[PDB]
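Geometric and topological summary
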Amino acid sequence: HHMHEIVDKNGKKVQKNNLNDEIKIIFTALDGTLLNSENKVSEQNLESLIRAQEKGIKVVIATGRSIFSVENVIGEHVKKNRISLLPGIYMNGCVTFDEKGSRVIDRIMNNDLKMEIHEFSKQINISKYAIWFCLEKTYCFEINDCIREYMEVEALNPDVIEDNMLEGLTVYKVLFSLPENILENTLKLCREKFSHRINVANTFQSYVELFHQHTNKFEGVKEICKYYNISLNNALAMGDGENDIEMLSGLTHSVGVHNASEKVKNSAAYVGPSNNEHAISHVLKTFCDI
Ligand SMILES: O=P(O)(O)OC[C@H]1O[C@H](O)[C@H](O)[C@@H](O)[C@@H]1O
Ligand SMILES: [Mg+2]
């Protein structure tokens, strides 16, 4: 079967003996990549992460999430020091921590641009689907089935606040949890309105995220590699969604998981197993010889 293989653009399996770069560090998306469809770390992945720690391979989360929601999803592994959150790349790079919890990237959204996005979202009536991200907290203006769906997956509940409170908040991103039926059209409106203003990414499903135009996960990758004096050629990135494209195309070694879209796969050097098939375990086997 093809379930567990990693292959190049020609469809040929990647062989360790043909690799000339040691992989010292792995950057991975969380939902859709490391976590299976139940948002759990499979036992096969966990076993391989334990071996990677024994061998001194660093595994770094790179996610649209805040560190707070990451801790709520994978906390049991963090508590056992099986997955480290520091260093880590959060809010699509706009908050990137070194191992001391210091932000080596802090990209706040300009406040005028924040209010312009806010006003536009009210004008097209997606404001009710907005989750606004501050450094330590998230906010929404109401609760509906789409906010509910967001909360259940995110596993961290935003505070409900009034409209006029947004002006006083210092924010990094906004995430719209959209109805499927309006996703495609809303994505077009946001991208047309905000090009060369802000990043617009459909990260998973009907979620649309807006965050600092000049920042992305790859900016975090560069900062963390720099920290440890690791050449980019010794780093590997793996991912599934649009917010992974820059880090997949920015590194020579990168793995799109099988469940990723063609656009995401195209940006990656290699295609691996799906997130339900223990992708990082097989990445560790292929690149690091387990
Ligand atoms: O960037 P990732 O770690 O793949 O996260 C992907 C994200 O997709 C959406 O934003 C979901 O609401 C989040 O729960 C999920 O974390
Ligand atoms: Mg993902």
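Residues numbered from 1 in each chain as written, not as in the entry; some residues may be left out. Chains lettered and ligands numbered in written order. Heavy atoms only, no water.

Its PDB header names X-ray crystallography as the technique used to obtain the model and reports a resolution of 1.90 Å.

The PDB entry lists the protein under the name PfHAD1, from Plasmodium falciparum.

**A short note on the sheet that holds strand 12 (residues 235-239)**
Rule in force here: Pairing between strands is defined by DSSP: at least two bridges between them are needed. Runs of E in the DSSP output that reach at least two residues are strands. Runs of H or I that reach at least four are helices, and both are numbered from the N terminus. The axes used here are C-alpha line fits, helices contributing only the stretch in contact, and every angle between their N-to-C directions lies in the interval 0 to 180 degrees. Here, two residues are considered to be in contact whenever any of their heavy atoms come within 4.5 Å of each other.
Strands sit in the order 2-1-12-13-14 across an open sheet of 5 strands; the sheet is parallel. On the outer flanks of this sheet lie strand 2 (58-61) and strand 14 (270-272), each paired with one strand and no other. Averaged over all pairs of adjacent strands, the angle between their axes in this sheet comes to 25°, without regard to strand direction. Relative to strand 12, strand 1 (residues 25-28) is paired through 4 bridges, and the arrangement is parallel. Its bridge partner lying in strand 12, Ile25 is registered against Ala235. Across the sheet, helix 7 (residues 217-227) is in contact with strand 1, strand 2 and strand 12; its angle to strand 1 comes to roughly 155°.

**Comments concerning the site of ligand 1**
Test applied: A cutoff of 4 Å decides nearness: a residue is near a molecule or strand if any of its heavy atoms lies inside that distance of it. In the analysis that follows, any N or O atom pair within 3.5 Å is treated as a polar contact, provided that within protein one partner can donate a hydrogen and the other can accept it, and provided that, for residues neighboring in sequence, both atoms belong to side chains. The method behind every accessible area is Shrake-Rupley, applied with a 1.4 Å probe, and residues are considered shielded solely by the protein chains displayed. Cavities and pockets are defined on a 1 Å grid built over the protein atoms alone: a cavity is a set of grid points where a 1.4 Å probe fits but cannot escape, while a pocket is an open set with protein on both sides within 12 Å along at least five of seven lines, and lining residues are those with an atom within 4 Å of any such point. Molecules are considered to sit inside a cavity or pocket once more than half of their atoms lie within 2 Å of its grid points. Charged means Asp, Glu, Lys or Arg here, nonpolar means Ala, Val, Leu, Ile, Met, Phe, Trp, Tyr, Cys or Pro, and polar covers whatever is left, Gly included. As annotated, the domain borders come from an automatic or database domain assignment.
In the vicinity of ligand 1, 17 residues are found, and the nearest of them are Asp31, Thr63, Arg65, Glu154 and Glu209. Contact distances for ligand 1 include 2.6 Å between an oxygen atom and a side-chain N or O atom of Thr63. If ligand 1 stood free it would expose 390 Å²; the protein chains cover 98% of that surface. Among the detected pockets, ligand 1 sits in the largest pocket. Counting only elements with at least two residues in the shell around ligand 1, the list comes to helix 1 (30-34), helix 5 (145-154), strand 10 (198-204) and strand 11 (207-212). Considering every element that reaches the shell around ligand 1, the biggest residue donor is helix 5, with 3 residues. For the shell around ligand 1, a count of residues per class yields 7 nonpolar, 4 polar and 6 charged. Lining the shell around ligand 1 are residues from two domains, each supplying at least three of them: domain 1 (1-107 + 215-290) and domain 2 (108-214).

**Notes on the coordination of the magnesium ion (ligand 2)**
Spelled out, the test is: In this description, a donor is an N, O or S atom within 2.8 Å of the metal centre, a cutoff extended to 3.2 Å for sodium, potassium and calcium. Water is not part of the atom list, which can make sites seem incomplete. Burial classification: accessible surface area is computed with a 1.4 Å probe over protein chains only, and a residue below 20% of its type maximum counts as buried, one above 50% as exposed, and the rest as partly exposed.
All of the protein donors around the magnesium ion (ligand 2) are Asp31 (O) and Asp240 (OD); their distances to the metal are 2.2 to 2.4 Å. Taken together, the positions of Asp31 in helix 1 and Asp240 in the loop between strand 12 and helix 8 (245-250) put the pair 209 residues apart, joining distant regions of the chain. Overall, the relative accessible area of 10% leaves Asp240 in the buried class.

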